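As structure tokens, the structure follows; a few thoughts come after it.
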Amino acid sequence: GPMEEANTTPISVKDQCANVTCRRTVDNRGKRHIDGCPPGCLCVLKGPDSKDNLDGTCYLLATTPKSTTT
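Quick note on numbering: the sequence shown equals residues 131 to 200 in the numbering used here.
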């Protein structure tokens, strides 16, 4: 085939996710506080009435993007 990588590579390689950590706290609010995360990974932290200043975790998403360029 040609010298192009995309022309020879039909499927694009998955991109690595970041292990960045987040922190969300909410008291005397009665509403759960959610933190934000970058693309490819999401951080969900659930804290009931006993919520705290704890930090949430991040996980990599298996779902592949729509990018064709390696």
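Think of the CB as a built atom: it goes at the ideal place given N, C-alpha and C, for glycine as much as any other residue.
Open item on the list: Which residue wins for smallest C-alpha separation from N183, given the options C152, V143, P132, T139?
Closed with: The shortest CA-to-CA distance from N183 to any of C152, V143, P132, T139 is the one to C152.
Task: Close beta carbons around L190, own chain, < 7 Å, minus the five adjacent residues each side - done: Correct list, in chain order: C147, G170, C171.
TODO: Starting from the C-beta of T198, find all residues in its chain whose C-beta is less than 7 Å away, skip the five residues before and the five after it, and write them out in chain order.
DONE: In chain order, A136, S142 place their CB closer than 7 Å to the CB of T198, counting only its own chain and leaving out the 5 sequence neighbours on each side.
Task: Residues near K144 by beta carbon distance below 7 Å, same chain, minus five either side - done: Here the set comprises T194.
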